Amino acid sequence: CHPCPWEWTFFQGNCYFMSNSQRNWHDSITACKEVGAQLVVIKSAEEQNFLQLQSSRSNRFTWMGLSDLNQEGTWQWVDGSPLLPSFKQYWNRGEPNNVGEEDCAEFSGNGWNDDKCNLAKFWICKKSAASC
């Protein structure tokens, strides 16, 4: 009984996969679903801190499961839930700014940025640990 699939990282009752290759946002959604997971939806400050670290330390741009594709200005996680006000602090300064039409959220530096969905970035999938 392993809490997570091999090579995935356990953190606080969930399993995370950190890609070692780059995909646009819609194809990153697909990849996560092919392994029974979701392009990462953040639920807490501690989780955000953990995820952000992965990117700030590796200097990689990394997609999360957050977008405003459906309605410009309305940021919605891929699980249907809306971006809570307490989380808007994590945007980088001046973001999100929709410049050139940017409807997908990424880890970038110390915070989040909106970027163009058809660019190729690393990605992180999330799913529940198994019970042990």
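Only the largest set of C-alpha atoms that superpose within 1.5 Å between the two forms is called the rigid core. Each residue number is its position in the shown sequence, starting from 1.
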Study note, to complete from the structure: Stretch farther from shown form by Cα RMS in 7 other deposited structures of this protein, picked from 50-58 and 32-40 after core fit, is 50-58
Exercise for review: May I ask which stretch, 5-13 or 106-114, sits farther from the shown form in 7 other deposited structures of this protein once every structure is superposed on the core, judging by RMS CA distance?
Suggested key: 5-13
Exercise for review: Look up the CA B-factors in the entry and say which stretch, 30-38 or 62-70, has the higher mean.
Suggested key: 30-38
Check your understanding: Which third, lowest, middle or highest, does the CA B-factor of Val78 fall in along this chain?
Key -> lowest
Review point. Which third of the chain holds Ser44 when residues are ordered by C-alpha B factor: lowest, middle or highest?
Key: highest
Review point. Against its chain's modelled residues, does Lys126's Cα B factor rank lowest, middle or highest third?
Key: lowest
Review point. Once the chain's modelled residues are ordered by C-alpha B factor and cut into thirds, is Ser56 in the lowest, middle or highest one?
Key: highest
Point to revise | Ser21 - which third its CA temperature factor falls in, relative to the rest of the chain | key: highest
